[PDB]
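Shown here is one chain on its own, the form solved without the named molecule, set out as C-alpha cells.
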C-alpha cells in the first residue's frame, strides 16, 4: 500500500539493468550514412528481449498470479507492446537519442531506425514527453502495472481485473498526494497516448510481415495475430 507500493517498486527495479550493468560496446555516437535483413532481425531481437522480463515482472505484481491463467496470458499478450514502449521510453534518454533496452544494451536512434521505421521517432517523442512529467519511480511502478492490469475483450473474470486495477490506482493516487490531482490526471493521460503508439507498432509489424525479409519469431507473431480484432 504501503506494502503494495513497495512490492510494485521492487518488481519494477528488478526488471531492468542496474546503471552499472549498462552496455555501451555497440553504441555508436555518430552513425555513418533501405532496411535490410539485419535491421529486421535486430528489431525482432529487441522486442523478444523484453518477453521473459515482462512476464517475470508481472508475476511479482501482488494479485496478478491470482488471476486465472488464461487472463494472465491475455493481459500479458495484449499489453506487451505498450509495456515494451513505456519502459523503453522511461529508461531511455531522448535528449541524446539514446535507447536503453532491458538487457542494458545502449543504442543510438539511428542504429535502430531502419528496423523500427518512423515509429522510433514517435517513441522518442513520447519519451521526451514522459520525461517532462518527472514521473518518480513509485508512480511509474504503478502506471506500468495499470497498463497491464486493465480491461480487455475475452477476460474470464473482468471484475477481478477491475478490482486489482482499483487497488493499484488507489495506491498511485495516495502516493501522488503524499509526495506533492491534475498531476494524477496528467500521469493517467499517458495511458491512451501509449495505446495509440502501440498501434504504430502493429503497423510496423504488419509492414514487415508483408515485406518478409525475415519472419517474426513465433511469440511476437502470435501477439500480433491475437491482438488483431479482425
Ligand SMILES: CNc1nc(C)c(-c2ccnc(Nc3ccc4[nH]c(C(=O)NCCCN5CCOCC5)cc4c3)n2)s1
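Numbering follows the first chain given and starts at 1.
If you look for the form solved in complex with the named molecule, you will not find it shown, but the lines that follow are about it.
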Residues 17, 90 and 93 all lining the named molecule in the deposited complex, heavy atom within 4.5 Å: yes
Quick one: is residue 140 in contact with the named molecule in the deposited complex, heavy atoms, 4.5 Å cut-off? yes
Heavy atom of residue 131 within 4.5 Å of the named molecule in the deposited complex: yes
